[PDB]
$ cat structure-v6.pdb   # PDB, C-alpha atoms
MODEL        1
ATOM      1  CA  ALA Q   1      53.254 -18.007 -10.360  1.00  0.00           C
ATOM      2  CA  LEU Q   2      49.885 -19.209 -11.704  1.00  0.00           C
ATOM      3  CA  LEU Q   3      48.589 -18.072  -8.300  1.00  0.00           C
ATOM      4  CA  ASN Q   4      48.687 -14.306  -8.814  1.00  0.00           C
ATOM      5  CA  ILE Q   5      45.465 -14.819 -10.784  1.00  0.00           C
ATOM      6  CA  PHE Q   6      43.628 -15.081  -7.465  1.00  0.00           C
ATOM      7  CA  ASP Q   7      45.313 -11.901  -6.231  1.00  0.00           C
ATOM      8  CA  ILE Q   8      44.392 -10.019  -9.413  1.00  0.00           C
ATOM      9  CA  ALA Q   9      40.774 -11.159  -9.264  1.00  0.00           C
ATOM     10  CA  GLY Q  10      40.497 -10.351  -5.559  1.00  0.00           C
ATOM     11  CA  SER Q  11      41.903  -6.870  -6.101  1.00  0.00           C
ATOM     12  CA  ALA Q  12      39.432  -6.339  -8.942  1.00  0.00           C
ATOM     13  CA  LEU Q  13      36.543  -7.464  -6.734  1.00  0.00           C
ATOM     14  CA  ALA Q  14      37.641  -5.188  -3.889  1.00  0.00           C
ATOM     15  CA  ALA Q  15      37.976  -2.204  -6.227  1.00  0.00           C
ATOM     16  CA  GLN Q  16      34.547  -2.805  -7.754  1.00  0.00           C
ATOM     17  CA  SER Q  17      33.017  -3.114  -4.288  1.00  0.00           C
ATOM     18  CA  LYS Q  18      34.639   0.175  -3.255  1.00  0.00           C
ATOM     19  CA  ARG Q  19      33.302   1.956  -6.332  1.00  0.00           C
ATOM     20  CA  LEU Q  20      29.811   0.546  -5.798  1.00  0.00           C
ATOM     21  CA  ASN Q  21      29.882   1.643  -2.153  1.00  0.00           C
ATOM     22  CA  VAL Q  22      30.893   5.169  -3.174  1.00  0.00           C
ATOM     23  CA  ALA Q  23      28.078   5.303  -5.729  1.00  0.00           C
ATOM     24  CA  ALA Q  24      25.542   4.051  -3.180  1.00  0.00           C
ATOM     25  CA  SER Q  25      26.699   6.628  -0.636  1.00  0.00           C
ATOM     26  CA  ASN Q  26      26.319   9.405  -3.208  1.00  0.00           C
ATOM     27  CA  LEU Q  27      22.814   8.198  -4.065  1.00  0.00           C
ATOM     28  CA  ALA Q  28      21.920   8.180  -0.370  1.00  0.00           C
ATOM     29  CA  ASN Q  29      23.292  11.724   0.027  1.00  0.00           C
ATOM     30  CA  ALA Q  30      21.761  13.010  -3.220  1.00  0.00           C
ATOM     31  CA  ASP Q  31      19.491  15.522  -1.456  1.00  0.00           C
ATOM     32  CA  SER Q  32      21.300  15.954   1.863  1.00  0.00           C
ATOM     33  CA  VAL Q  33      22.588  19.256   3.242  1.00  0.00           C
ATOM     34  CA  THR Q  34      24.516  20.710   6.220  1.00  0.00           C
ATOM     35  CA  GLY Q  35      26.595  17.722   7.215  1.00  0.00           C
ATOM     36  CA  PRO Q  36      28.839  17.740  10.282  1.00  0.00           C
ATOM     37  CA  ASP Q  37      30.174  21.168  11.297  1.00  0.00           C
ATOM     38  CA  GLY Q  38      27.887  22.769   8.701  1.00  0.00           C
ATOM     39  CA  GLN Q  39      30.050  22.307   5.608  1.00  0.00           C
ATOM     40  CA  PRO Q  40      27.939  21.357   2.565  1.00  0.00           C
ATOM     41  CA  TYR Q  41      28.124  17.781   1.347  1.00  0.00           C
ATOM     42  CA  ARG Q  42      30.200  17.153  -1.772  1.00  0.00           C
ATOM     43  CA  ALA Q  43      30.153  14.095  -4.000  1.00  0.00           C
ATOM     44  CA  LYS Q  44      33.183  11.840  -4.350  1.00  0.00           C
ATOM     45  CA  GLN Q  45      34.626   9.543  -7.009  1.00  0.00           C
ATOM     46  CA  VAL Q  46      37.357   6.901  -7.118  1.00  0.00           C
ATOM     47  CA  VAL Q  47      40.358   6.535  -9.411  1.00  0.00           C
ATOM     48  CA  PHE Q  48      41.560   3.126 -10.574  1.00  0.00           C
ATOM     49  CA  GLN Q  49      45.259   2.453 -11.085  1.00  0.00           C
ATOM     50  CA  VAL Q  50      47.286  -0.598 -12.064  1.00  0.00           C
ATOM     51  CA  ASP Q  51      50.026  -2.130  -9.925  1.00  0.00           C
ATOM     52  CA  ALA Q  52      53.143  -2.322 -12.092  1.00  0.00           C
ATOM     53  CA  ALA Q  53      54.848  -5.200 -10.297  1.00  0.00           C
ATOM     54  CA  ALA Q  54      53.972  -5.304 -16.925  1.00  0.00           C
ATOM     55  CA  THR Q  55      50.588  -6.713 -15.882  1.00  0.00           C
ATOM     56  CA  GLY Q  56      49.092  -6.321 -12.429  1.00  0.00           C
ATOM     57  CA  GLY Q  57      45.962  -5.856 -10.384  1.00  0.00           C
ATOM     58  CA  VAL Q  58      43.878  -2.749  -9.839  1.00  0.00           C
ATOM     59  CA  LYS Q  59      43.923  -0.497  -6.782  1.00  0.00           C
ATOM     60  CA  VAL Q  60      42.233   2.704  -5.634  1.00  0.00           C
ATOM     61  CA  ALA Q  61      44.732   5.223  -4.278  1.00  0.00           C
ATOM     62  CA  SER Q  62      42.260   7.639  -2.674  1.00  0.00           C
ATOM     63  CA  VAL Q  63      38.748   9.044  -2.984  1.00  0.00           C
TER      64      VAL Q  63
ATOM     65  CA  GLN M   1      30.428  26.852  13.942  1.00  0.00           C
ATOM     66  CA  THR M   2      26.753  27.599  13.240  1.00  0.00           C
ATOM     67  CA  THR M   3      24.840  24.580  11.928  1.00  0.00           C
ATOM     68  CA  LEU M   4      21.267  23.352  12.077  1.00  0.00           C
ATOM     69  CA  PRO M   5      20.197  21.995  15.492  1.00  0.00           C
ATOM     70  CA  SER M   6      20.008  18.410  14.129  1.00  0.00           C
ATOM     71  CA  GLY M   7      17.049  17.131  16.112  1.00  0.00           C
ATOM     72  CA  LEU M   8      14.232  14.783  15.181  1.00  0.00           C
ATOM     73  CA  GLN M   9      10.619  15.186  16.300  1.00  0.00           C
ATOM     74  CA  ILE M  10       7.887  13.267  14.478  1.00  0.00           C
ATOM     75  CA  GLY M  11       4.253  14.315  14.612  1.00  0.00           C
ATOM     76  CA  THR M  12       1.323  11.972  15.068  1.00  0.00           C
ATOM     77  CA  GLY M  13      -1.771  13.503  13.479  1.00  0.00           C
ATOM     78  CA  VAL M  14      -4.811  15.692  14.024  1.00  0.00           C
ATOM     79  CA  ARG M  15      -7.943  15.160  16.111  1.00  0.00           C
ATOM     80  CA  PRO M  16     -11.130  17.209  16.436  1.00  0.00           C
ATOM     81  CA  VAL M  17     -11.448  18.807  19.863  1.00  0.00           C
ATOM     82  CA  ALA M  18     -14.735  20.700  19.953  1.00  0.00           C
ATOM     83  CA  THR M  19     -17.486  22.335  17.918  1.00  0.00           C
ATOM     84  CA  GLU M  20     -18.208  25.856  19.139  1.00  0.00           C
ATOM     85  CA  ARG M  21     -21.583  27.430  18.405  1.00  0.00           C
ATOM     86  CA  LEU M  22     -21.635  31.097  17.407  1.00  0.00           C
ATOM     87  CA  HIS M  23     -24.290  32.354  19.837  1.00  0.00           C
ATOM     88  CA  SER M  24     -24.743  35.584  17.908  1.00  0.00           C
ATOM     89  CA  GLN M  25     -28.001  37.437  17.216  1.00  0.00           C
ATOM     90  CA  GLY M  26     -30.081  36.314  14.254  1.00  0.00           C
ATOM     91  CA  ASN M  27     -32.400  38.424  12.159  1.00  0.00           C
ATOM     92  CA  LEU M  28     -36.109  38.750  12.908  1.00  0.00           C
ATOM     93  CA  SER M  29     -38.692  37.749  10.303  1.00  0.00           C
ATOM     94  CA  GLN M  30     -42.385  38.589  10.563  1.00  0.00           C
ATOM     95  CA  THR M  31     -44.866  35.712  10.580  1.00  0.00           C
ATOM     96  CA  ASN M  32     -47.879  37.956  11.403  1.00  0.00           C
ATOM     97  CA  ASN M  33     -49.027  35.417  14.015  1.00  0.00           C
ATOM     98  CA  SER M  34     -50.188  36.428  17.488  1.00  0.00           C
ATOM     99  CA  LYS M  35     -48.651  33.597  19.550  1.00  0.00           C
ATOM    100  CA  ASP M  36     -45.024  33.763  18.352  1.00  0.00           C
ATOM    101  CA  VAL M  37     -42.234  35.470  20.292  1.00  0.00           C
ATOM    102  CA  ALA M  38     -38.623  36.352  19.515  1.00  0.00           C
ATOM    103  CA  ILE M  39     -35.663  36.895  21.836  1.00  0.00           C
ATOM    104  CA  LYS M  40     -33.750  40.181  21.613  1.00  0.00           C
ATOM    105  CA  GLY M  41     -30.400  39.569  23.281  1.00  0.00           C
ATOM    106  CA  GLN M  42     -29.532  36.610  25.500  1.00  0.00           C
ATOM    107  CA  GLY M  43     -31.785  34.096  27.218  1.00  0.00           C
ATOM    108  CA  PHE M  44     -33.473  30.750  26.645  1.00  0.00           C
ATOM    109  CA  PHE M  45     -36.990  29.532  27.289  1.00  0.00           C
ATOM    110  CA  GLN M  46     -37.601  26.542  29.548  1.00  0.00           C
TER     111      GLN M  46
ENDMDL
END
$ encode --input "structure-v6.pdb" --output "structure tokens"
Amino acid sequence: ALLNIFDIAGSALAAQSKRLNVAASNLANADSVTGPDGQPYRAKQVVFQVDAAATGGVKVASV
Amino acid sequence: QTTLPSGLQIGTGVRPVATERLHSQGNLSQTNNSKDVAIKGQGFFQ
């Protein structure tokens, strides 16, 4: 449509922002302990996937 | 169930309060003079 380029780029930007936020949160919680209800803190990562509408944007299903 | 109390309490610093003198009994040394006196126990001259 010559306009899905904006959608693809926006999805890429959102995914990169999510990944950066996760990394920053892990760095902040590097030396934390005993979070809520006492369970130890565990690090998290994100998984990128493509939206097969072929060629499509990137999404993050879950952390 | 059992977690840390999760409370914050920041200190401020340290100050000197007093200097106490150990009013113990010191040793006696002989000066051989005839007008020198030494206290055995408690008491102060005036």
$ residues_around --input "structure-v6.pdb" --residues "region 19-32 of chain Q" --least-positions-apart "2" --cutoff "7 Å" --atoms "all atoms listed in the file" --output "list in words"
residues 15, 16, 17, 43, 45 and 46 of chain Q
$ interface_residues --input "structure-v6.pdb" --of "chain M" --to "chain Q" --cutoff "8 Å" --atoms "only C-alpha atoms" --output "MDAnalysis selection string"
chainID M and resid 1:4
$ atom_distance --input "structure-v6.pdb" --atom1 "CA of residue 62 (chain Q)" --atom2 "CA of residue 18 (chain Q)"
10.7 Å
$ resolve_selection --input "structure-v6.pdb" --expression "the PyMOL selection byres ((chain M and resi 28) around 10)" --output "PyMOL selection string"
chain M and resi 25-27+29-31+38-40
$ atom_distance --input "structure-v6.pdb" --atom1 "CA of residue 49 (chain Q)" --atom2 "CA of residue 3 (chain Q)"
21.0 Å
$ resolve_selection --input "structure-v6.pdb" --expression "the PyMOL selection byres ((chain Q and resi 59) around 7)" --output "ChimeraX atom specification"
/Q:11,15,48-50,57-58,60-61
$ axis_aligned_box --input "structure-v6.pdb" --around "region 31-42 of chain Q" --padding-each-side "3 Å" --output "AutoDock Vina command-line options"
--center_x 24.8 --center_y 19.1 --center_z 4.8 --size_x 16.7 --size_y 13.2 --size_z 19.1
$ resolve_selection --input "structure-v6.pdb" --expression "the PyMOL selection byres ((chain M and resi 23) around 12)" --output "list in words"
residues 20, 21, 22, 24, 25, 26, 41, 42, 43 and 44 of chain M
$ atom_distance --input "structure-v6.pdb" --atom1 "CA of residue 41 (chain Q)" --atom2 "CA of residue 13 (chain Q)"
27.8 Å
$ decode --input "structure-v6.pdb" --residues "region 39-53 of chain Q" --atoms "C-alpha atoms" --output "tab-separated table (two decimals), in the first residue's frame"
chain	number	residue	atom	x	y	z
Q	39	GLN	CA	10.20	-14.49	45.87
Q	40	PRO	CA	13.70	-13.82	44.48
Q	41	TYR	CA	13.98	-11.54	41.48
Q	42	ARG	CA	14.60	-13.21	38.13
Q	43	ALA	CA	15.82	-11.59	34.93
Q	44	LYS	CA	13.64	-11.43	31.83
Q	45	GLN	CA	14.19	-11.31	28.07
Q	46	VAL	CA	12.01	-10.61	25.03
Q	47	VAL	CA	11.44	-12.65	21.88
Q	48	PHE	CA	10.98	-10.98	18.50
Q	49	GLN	CA	8.63	-12.46	15.92
Q	50	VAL	CA	7.51	-11.41	12.45
Q	51	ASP	CA	3.90	-10.77	11.47
Q	52	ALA	CA	3.17	-12.95	8.44
Q	53	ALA	CA	0.37	-10.87	6.96
